[PDB]
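For reference, the structure discussed in these notes is given below.
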Amino acid sequence: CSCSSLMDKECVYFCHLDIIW
């Protein structure tokens with residue numbers, strides 16, 4: 001879990017945020 005900005009969208013799914021492909 002570590003993205004540039006936690007508010008991003010797909011970069012946010014990488015931190016375990018229910019990725020919705």
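Residue numbering restarts at 1 for every chain of the structure tokens, chains are lettered A, B, ... in their displayed order, and ligands are numbered from 1 as they appear.
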
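Across chain A, DSSP run on the backbone finds helix (DSSP H, G or I) at residues 10, 11, 12 and 13 of chain A.
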
Contact residues around residue 9 of chain A with only C-alpha atoms at 10 Å, ignoring same-chain residues under 4 positions, as a ChimeraX atom specification: /A:5,13-14,17,19-20

Go ahead and dump the residues you just picked, N, CA, C and O atoms, as a PDB file, in the first residue's frame.
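New file part_31.pdb:
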ATOM      1  N   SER A   5      -0.507   9.771  -4.464  1.00  0.00           N
ATOM      2  CA  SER A   5      -1.567  10.491  -3.707  1.00  0.00           C
ATOM      3  C   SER A   5      -2.686   9.498  -3.350  1.00  0.00           C
ATOM      4  O   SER A   5      -3.302   8.911  -4.218  1.00  0.00           O
ATOM      5  N   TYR A  13      -6.533   1.988  -5.844  1.00  0.00           N
ATOM      6  CA  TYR A  13      -6.904   0.553  -5.708  1.00  0.00           C
ATOM      7  C   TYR A  13      -5.672  -0.262  -5.333  1.00  0.00           C
ATOM      8  O   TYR A  13      -5.770  -1.336  -4.775  1.00  0.00           O
ATOM      9  N   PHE A  14      -4.510   0.235  -5.646  1.00  0.00           N
ATOM     10  CA  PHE A  14      -3.272  -0.520  -5.320  1.00  0.00           C
ATOM     11  C   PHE A  14      -3.074  -0.586  -3.801  1.00  0.00           C
ATOM     12  O   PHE A  14      -2.470  -1.510  -3.293  1.00  0.00           O
ATOM     13  N   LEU A  17      -7.793  -0.804  -1.982  1.00  0.00           N
ATOM     14  CA  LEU A  17      -9.062  -0.035  -1.913  1.00  0.00           C
ATOM     15  C   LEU A  17     -10.090  -0.635  -2.875  1.00  0.00           C
ATOM     16  O   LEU A  17     -10.528   0.010  -3.806  1.00  0.00           O
ATOM     17  N   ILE A  19     -10.181  -2.666  -5.588  1.00  0.00           N
ATOM     18  CA  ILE A  19      -9.874  -2.328  -7.005  1.00  0.00           C
ATOM     19  C   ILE A  19     -11.088  -2.655  -7.880  1.00  0.00           C
ATOM     20  O   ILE A  19     -11.606  -3.755  -7.848  1.00  0.00           O
ATOM     21  N   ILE A  20     -11.552  -1.720  -8.660  1.00  0.00           N
ATOM     22  CA  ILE A  20     -12.730  -2.009  -9.528  1.00  0.00           C
ATOM     23  C   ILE A  20     -12.318  -1.937 -10.997  1.00  0.00           C
ATOM     24  O   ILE A  20     -12.576  -0.965 -11.680  1.00  0.00           O
TER      25      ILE A  20
END
